[PDB]
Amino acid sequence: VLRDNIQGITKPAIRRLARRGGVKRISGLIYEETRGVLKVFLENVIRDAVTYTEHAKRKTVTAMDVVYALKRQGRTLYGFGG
């Protein structure tokens, strides 16, 4: 059964995040909207992450690449180096 990767981010999973976010009741239109939102997040981060990679003349995205991308997106993440 073929199915887009983005649809791999499932209603329950989305629902689980909302729950951790303290969300009680969820319009069924949310799930698509959330997928749009996560795509743009990843798009933004990976672009920069890669731009680092590429700059290093590498073929592998190191965690550092990601950590540095997040940092400049203003989404600093502790724990994976840096």
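Think of the rigid core as the biggest set of C-alphas that the two forms share within 1.5 Å after superposition. Each residue number is its position in the shown sequence, starting from 1.
Undergrad: Output the stretch, either 68 to 76 or 19 to 27, that has more C-alpha displacement from this form in 4 other deposited structures of this protein following superposition by the rigid core.
TA: Most displaced of the pair in 4 other deposited structures of this protein: 68 to 76.
Undergrad: Which segment is farther from the shown form on average in 4 other deposited structures of this protein after a rigid core fit, 5 to 13 or 55 to 63, going by CA atoms?
TA: Comparing 55 to 63 with 5 to 13, the one that moves more in 4 other deposited structures of this protein is 5 to 13.
Undergrad: Of 69 to 77 and 10 to 18, which one has the bigger average CA B-factor?
TA: Stretch with the greater average CA B-factor: 10 to 18.
Undergrad: Can you let me know which of the two, 38 to 46 or 53 to 61, has the higher average C-alpha B-factor in the entry?
TA: Higher of the two, by average CA B-factor, is 53 to 61.
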